[PDB]
Amino acid sequence: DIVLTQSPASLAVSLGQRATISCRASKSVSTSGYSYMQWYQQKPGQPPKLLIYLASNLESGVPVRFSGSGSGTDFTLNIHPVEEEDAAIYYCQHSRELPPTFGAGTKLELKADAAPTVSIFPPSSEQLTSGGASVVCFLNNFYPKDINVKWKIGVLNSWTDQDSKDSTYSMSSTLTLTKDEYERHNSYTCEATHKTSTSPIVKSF
Amino acid sequence: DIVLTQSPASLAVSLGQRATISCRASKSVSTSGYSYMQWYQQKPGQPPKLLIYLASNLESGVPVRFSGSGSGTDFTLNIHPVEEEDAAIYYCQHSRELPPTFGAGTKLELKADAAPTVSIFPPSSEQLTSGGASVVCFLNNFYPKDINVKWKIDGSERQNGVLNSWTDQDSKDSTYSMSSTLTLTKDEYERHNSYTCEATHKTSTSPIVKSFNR
Amino acid sequence: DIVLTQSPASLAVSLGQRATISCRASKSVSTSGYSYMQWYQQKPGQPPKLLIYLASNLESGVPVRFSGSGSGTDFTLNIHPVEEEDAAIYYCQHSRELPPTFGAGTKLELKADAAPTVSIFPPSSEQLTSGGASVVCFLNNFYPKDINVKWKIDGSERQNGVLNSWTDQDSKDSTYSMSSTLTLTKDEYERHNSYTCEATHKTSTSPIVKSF
Amino acid sequence: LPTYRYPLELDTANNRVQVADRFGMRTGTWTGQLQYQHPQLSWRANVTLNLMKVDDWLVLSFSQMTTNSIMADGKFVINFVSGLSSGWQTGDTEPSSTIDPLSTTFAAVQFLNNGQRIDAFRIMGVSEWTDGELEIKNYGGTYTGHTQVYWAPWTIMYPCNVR
Amino acid sequence: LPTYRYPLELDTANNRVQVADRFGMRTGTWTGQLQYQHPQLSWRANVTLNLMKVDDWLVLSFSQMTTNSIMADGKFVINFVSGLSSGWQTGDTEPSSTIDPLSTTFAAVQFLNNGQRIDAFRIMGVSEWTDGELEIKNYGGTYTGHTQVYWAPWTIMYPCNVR
Amino acid sequence: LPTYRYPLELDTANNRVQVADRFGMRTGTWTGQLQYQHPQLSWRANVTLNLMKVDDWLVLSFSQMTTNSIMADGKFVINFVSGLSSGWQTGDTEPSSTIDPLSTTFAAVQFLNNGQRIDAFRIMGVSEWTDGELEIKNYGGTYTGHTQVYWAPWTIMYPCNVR
Amino acid sequence: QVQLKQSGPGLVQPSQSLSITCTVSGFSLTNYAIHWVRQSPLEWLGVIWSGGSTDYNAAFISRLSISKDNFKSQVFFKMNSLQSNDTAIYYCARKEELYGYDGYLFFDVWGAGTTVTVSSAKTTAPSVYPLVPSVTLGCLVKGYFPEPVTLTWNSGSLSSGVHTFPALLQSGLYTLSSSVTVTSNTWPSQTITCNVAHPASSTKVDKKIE
Amino acid sequence: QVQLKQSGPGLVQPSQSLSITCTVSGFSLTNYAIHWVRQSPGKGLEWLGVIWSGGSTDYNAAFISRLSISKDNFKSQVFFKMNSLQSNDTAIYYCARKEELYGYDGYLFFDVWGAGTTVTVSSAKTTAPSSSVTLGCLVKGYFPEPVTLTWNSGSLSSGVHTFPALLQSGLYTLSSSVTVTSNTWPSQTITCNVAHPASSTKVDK
Amino acid sequence: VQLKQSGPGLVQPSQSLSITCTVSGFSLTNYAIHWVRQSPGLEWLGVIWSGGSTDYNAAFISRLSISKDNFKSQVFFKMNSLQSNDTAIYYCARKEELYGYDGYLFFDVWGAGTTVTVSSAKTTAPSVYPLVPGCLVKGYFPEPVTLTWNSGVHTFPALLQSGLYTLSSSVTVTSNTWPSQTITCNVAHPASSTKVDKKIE
């Protein structure tokens, strides 16, 4: 049919720098001097919000920071002032053909750097009544996104999408152990090595 | 202390025609090149929303049409684009003295003309069980605001026990509404069978009347 | 016929630094405790204005910064406050003998460092009517004074026909400027396509280049 | 075969020695109560200050704030034992000299007196550092009887060579 | 064996590594129009400021100037996209942090009102830098109705670690 | 096997390259007579100011002092040819630029007139350095007729790249 | 939501204490000053500055007292002596406390107000009556307490084509009328319920058109 | 007020029909056309079908005979029905609305989007979920997705970090934590409630 | 107080170079007018004392003669048998004739001087061409040519190739400042007396 793919797939941009996303269409999406293109901003866990309709029109309530230019074959989206709010994924959509096709998507990351913060929590007493012991170690507001946590005595680690305002990722680690074998081990350690400092900031109980 | 007096008390302007409200102060509210005055739009039943801060400055979320200019002794605001939204009363307030005093309110009335609409409704059964019968007839979306309502019992008109309500000038519609209510005790309510409300207006000399008998 | 020779030939000093110029005489120019010596300030292209006459005497309208002291055989002048205005050449002259001969001149250059500025200009239409095309590349406010400009036209290297002009150290700016002009006849002027101006400098190894 | 001490570091990836990037700029924040001290008046206000480590200078950036009334003179004490953002230790705020003052700056203020704001200026000097407590003396300025002070933004810096 | 990144450099002539001389002091000038911005009043004045890069600090040196009247508050915008002297690029003025304010200083002024000069002061803070435009906020100060302002010389500096 | 120029030094004990400690902080004092100069009034006051060399900045730390009356404008001249503490040379106070002003600061003063002290501020700028004489211009400020001046502590600094 | 709500008795007896408490949800009271104004058929009475300082109207001193709690985000107004004259809707107003020269004696946002009526007569509970004849249905309330009544059609689901009439005072009781207009297809299809909650008589009546 | 709500089973067995009902409030159904778009991982946003105002329907070229759309205008409802779901169709489904004007708006775009329904095609049965200071709220073993957590009835929006789900063998793992000042915690009690659409439950321990 | 000199620019080998100096600052009957020649060293040739007395350089006697006019305040100096060795700018210098002990052989003021060239060649006029994004003149005999530009006025010395001199002038302004003000260059030749001020575009 009519497939379009934006470029690039993931874009790591610094603040106050214009970020250009290029969307290329198999066939000319522009007709009779009008270009039928749409751009969307998808918040984490929320439906996409329309940013730009046609070629140069900004949807109602969208800041001037967002701008797009292009003809049917190729379209570019530009944002010179990039604050923390624009941490979302961006898709390009065409209105020409009877079945409209959404773009692959570009992931935008506003760049900042900060040291991590480690917090350790013991298992629950109400969970102890259930018969399973699970310890959770929560690390909030760390950048870059890559941080590895090794637990030494069934280990699961999760990472939140890049924070909007803070612009620093967060991490959650959970491990589950049955009561009969939970008390068999007495040592509990949380380890978080980062790129900011080679030494790991660790809290243990 | 520091007294302010607005002019005029009531302002009749058509849409898109500038209505100018003048606020005059007992003493000059301007000091060192700055004018310390504020204007407010208080909608019916709502608290006043600040329109202009200091001199000629528009608050966030305020329409661009609203503008005021003036020196310390007296301040005037003129608004040439006047849409349906801005039909409320306006107050002027001064920030110079330690006790700030709001100016005399000025009432703005948007001008329109339209025929009236009358609606009649019988009393409620749950209210009749209470032991008092009260019938309410509402005439909506009529201009001018002046409408008279006559209550009749068995072809006999009685004004006692009647309460009437006029709504402040509508924002969007720009046509007033009217409520007429009359209360009669059950023992004497059923003695009369005829009930009519009549509202003669300036649009047509004939009265638009709706009556029910039951 | 008593001839004097200064030392040194050139003195390059920084602003606010004392510069001492020594003039040495074949015979004693002093008589009865009076020393007959004179110093002159010759601006670029202009005649010299007398600075100091006899021994340690300042001519009218001469700043206090300029001062000289010395006896008959040799005279030295030392100046601690040295601003931008005094960038000209200075000569020493003796008044004792009936024929006076000026000493060897010394040129002082105030030292600073700053990036160059290159400008390229195409040839004129009125010269084309004459039949010769000449393009001028102008380099202003460049320090150090040494700058080389190499011109290459359409991959053909010819050393003939290039002229470069240097201006004496600027008074206020105190940064030299350079102008280079080359002339080519109309018949052969259009035979070449590419024109490049190159300025490899001591401030930055990369050349600031403008082309037409 | 030599090693390198901070701010000099060896980039083993490219076999290059350079000055550390954080030496030029290292940001942070201190959240806590700014302590105003005077024999006849003392109060605490919740403040958050921006910190900048530039070379051997530590920059304190006070944002706009409204505080209680102050005397014609006074002391400001910032207790860095706690409240510093991640990566900062209390020792990182110790000045590199005992000279008093280390630096002085002027702060723009508004004195509120019976409904009138009076423009004035207030001088601030870095004077003492005791066990994580930074003492910023307020020598004086134009003054008037007032009920509360509105402080404009202002910055002050002093030499610090700790890290 | 290893190489050296600026401001560290290897003097091959003496086989010695040193800190670059320009790192200690790099002077320059910006020629252009100084933009004052306020909702009710805005003007442009031709000014020339001296610039010197000392370590990771950029210093702005304002000479004496006479400008049109100003409001009790305001912003000064210096557009570095053009006007810098030879050797300077627009990027060389970008601060090394986004903290607001980066630094504050006081400027001495005289307000002219019907033939009287009134001595007053203006607080100035480096607040914002956007694509070569430096925003210096004038938070406030002593004020009086006036026709034009006479500005004494004044300097302001903020951290900059760019080249 | 390269050598190292100040502030870079080789710690032969540990075979480690580092930045010299004195580069971050080098303290000192200048003892002498502070010269105030104005065509109609000139005086000399015995003062002792603290000096600290931090990176390429020389900081002058003036303690509180009481001086004779001054004009609405004036110049302050500090003669560094003598009076510096041990280890300091007169050349060590030479700025690294000729820009005027090098830096400006405000000084808090009290003018004494017929038994009343009037608070005022004084702008001071580093303007000139001539063969060891540092000239700090007092452009102006709020002023009133007075018999004596009380000066609050204040600091001023300018770029300096000498040992 | 940056919104502030205050709670207080609607009707106060003569020579009684009229006290209203203002609650802030969006702004920290340590940065804002909360003012107090009364609108009588607008008067500035007093202000509590951030930091606990209070300034009152010159002509109202010693009869009104204002206090605030910042840890609880509340501003408290208490008036001691009441007359027939001091009957008005009272409002609490907000001003930011910044160093800027914004001409600070102004009010940015206004709370709902508390309706203050000065009467020693007890609160009577309001009777809600539904009247039924595009079709229009009218709701009338008679015999109401001294506080006012907010009539809510479908719990505030529908606002267009709904006219509410101000209270009319008959024999020491207030009469309130409301009318709504809806399409003929709409009302017999979907149910419309009018709810009238009274704050002074602690009564909430949910009447249905049926 | 404009609101779009979708009601439908969260998890559908393989080869079953996913039917969702989208209801619009404030929008005139006679004035707006409601479309249907699904978000698939690796496949991207897919446009499936549209109901034009007045009942006319056009579907995705590749989805005909598997998709059917119907609406009722007097009740302000739009009915979405898919005939067969396979592991391929595990995706968030969205209903979007666009205005019907004569203007050349380049109409094949969506101004407003519903909240969407998370659809997982798993055969496994539904499982029931079980100066500063930080406590973590975790729910484990909830199939299908998602769990909606409202902390202190949504009193505070700042300082609330949510970590994405991790899939265990027959269980879903979600961990969430809040950081608040130590002085503030002892003042007011904090209750964490996590609502699951298949099991009505709010547990505040 | 100024003195003015008029004289031919170029003199052929073995020809006579005669320059006349006119004084406006002091009556020549009270001052002594000297003559000094600047060659690419500085050579002192002769002096006229007040009262019509002349003393010449020891090694330069037979070729230099100087005369003076008191009623018009003019001084005439003439050198015979010019050769390739002597090619240089000639200057008129004055010292006041006072009884004072200040060394009478120094010069207070130099009014004007003429540059003397020895090669014989016809007068050539330099067409001045203004480049626009500078005013340049090339190929004029004899040097120099007086160009008057309009800080920011840079003039480059002549370069002699095949009997011709090249003169360059430049002004620097910011690109935004370029279209605002016009600059006009006039180039006067002392042998041709022609000045062109035309500017293109």
# chains A, B, ... in the order shown; residues from 1 in each chain; ligands from 1
$ residues_around --residues "residue 56 (chain A)" --least-positions-apart "3" --cutoff "9 Å" --atoms "only C-alpha atoms" --output "ChimeraX atom specification"
/A:35,52-53,67-70
$ interface_residues --of "chain G" --to "chain E" --cutoff "10 Å" --atoms "only C-alpha atoms" --output "ChimeraX atom specification"
/G:99-102
$ closest_atom_pairs --of "chain A" --to "chain E" --cutoff "9 Å" --atoms "only C-alpha atoms" --output "JSON lines"
{"residue": "A:16", "atom": "CA", "partner": "E:130", "partner_atom": "CA", "distance": 7.0}
{"residue": "A:17", "atom": "CA", "partner": "E:131", "partner_atom": "CA", "distance": 8.3}
{"residue": "A:81", "atom": "CA", "partner": "E:130", "partner_atom": "CA", "distance": 8.6}
$ atom_distance --atom1 "CA of residue 185 (chain C)" --atom2 "CA of residue 136 (chain C)"
14.8 Å
$ select_by_dssp --residues "region 22-93 of chain I" --states "strand (DSSP E)" --output "PDB file with C-alpha atoms, in the first residue's frame"
ATOM      1  CA  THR I  22      57.064  78.469   1.804  1.00  0.00           C
ATOM      2  CA  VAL I  23      56.656  79.285   5.500  1.00  0.00           C
ATOM      3  CA  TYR I  31      64.780  81.600  11.595  1.00  0.00           C
ATOM      4  CA  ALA I  32      67.369  79.397   9.894  1.00  0.00           C
ATOM      5  CA  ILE I  33      66.073  76.923   7.295  1.00  0.00           C
ATOM      6  CA  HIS I  34      67.964  73.641   6.937  1.00  0.00           C
ATOM      7  CA  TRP I  35      67.853  70.852   4.358  1.00  0.00           C
ATOM      8  CA  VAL I  36      67.984  67.097   5.078  1.00  0.00           C
ATOM      9  CA  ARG I  37      67.645  64.162   2.661  1.00  0.00           C
ATOM     10  CA  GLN I  38      66.172  60.777   3.675  1.00  0.00           C
ATOM     11  CA  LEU I  42      69.734  60.133   6.850  1.00  0.00           C
ATOM     12  CA  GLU I  43      72.151  62.656   5.327  1.00  0.00           C
ATOM     13  CA  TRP I  44      72.399  66.317   6.349  1.00  0.00           C
ATOM     14  CA  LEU I  45      73.403  68.523   3.400  1.00  0.00           C
ATOM     15  CA  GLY I  46      73.129  72.223   4.192  1.00  0.00           C
ATOM     16  CA  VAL I  47      71.887  75.093   6.329  1.00  0.00           C
ATOM     17  CA  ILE I  48      71.024  78.742   5.627  1.00  0.00           C
ATOM     18  CA  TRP I  49      71.763  81.106   8.491  1.00  0.00           C
ATOM     19  CA  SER I  53      74.777  82.849   4.994  1.00  0.00           C
ATOM     20  CA  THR I  54      75.062  79.265   3.744  1.00  0.00           C
ATOM     21  CA  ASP I  55      77.132  76.355   5.097  1.00  0.00           C
ATOM     22  CA  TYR I  56      77.148  72.985   3.327  1.00  0.00           C
ATOM     23  CA  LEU I  64      74.133  71.875  -3.193  1.00  0.00           C
ATOM     24  CA  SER I  65      73.292  75.582  -3.101  1.00  0.00           C
ATOM     25  CA  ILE I  66      70.534  77.241  -1.095  1.00  0.00           C
ATOM     26  CA  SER I  67      68.871  80.653  -1.448  1.00  0.00           C
ATOM     27  CA  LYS I  68      66.242  82.529   0.546  1.00  0.00           C
ATOM     28  CA  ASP I  69      63.594  85.203  -0.011  1.00  0.00           C
ATOM     29  CA  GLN I  74      60.417  81.434   0.637  1.00  0.00           C
ATOM     30  CA  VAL I  75      63.579  79.300   0.510  1.00  0.00           C
ATOM     31  CA  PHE I  76      65.152  77.821  -2.647  1.00  0.00           C
ATOM     32  CA  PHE I  77      67.593  74.889  -2.567  1.00  0.00           C
ATOM     33  CA  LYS I  78      69.107  73.400  -5.743  1.00  0.00           C
ATOM     34  CA  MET I  79      71.297  70.312  -6.232  1.00  0.00           C
ATOM     35  CA  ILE I  89      62.908  62.630   0.123  1.00  0.00           C
ATOM     36  CA  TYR I  90      64.136  66.185   0.796  1.00  0.00           C
ATOM     37  CA  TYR I  91      62.936  68.138   3.856  1.00  0.00           C
ATOM     38  CA  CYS I  92      62.976  71.812   4.972  1.00  0.00           C
ATOM     39  CA  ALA I  93      63.629  72.260   8.671  1.00  0.00           C
TER      40      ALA I  93
END
$ interface_residues --of "chain G" --to "chain H" --cutoff "9 Å" --atoms "only C-alpha atoms" --output "PyMOL selection string"
chain G and resi 157+185-186
$ write_last_selection --atoms "C-alpha atoms" --output "PDB file, in the first residue's frame"
ATOM      1  CA  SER G 157     -23.975  16.292  33.797  1.00  0.00           C
ATOM      2  CA  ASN G 185     -36.692  12.437  22.409  1.00  0.00           C
ATOM      3  CA  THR G 186     -34.223  12.900  25.276  1.00  0.00           C
TER       4      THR G 186
END
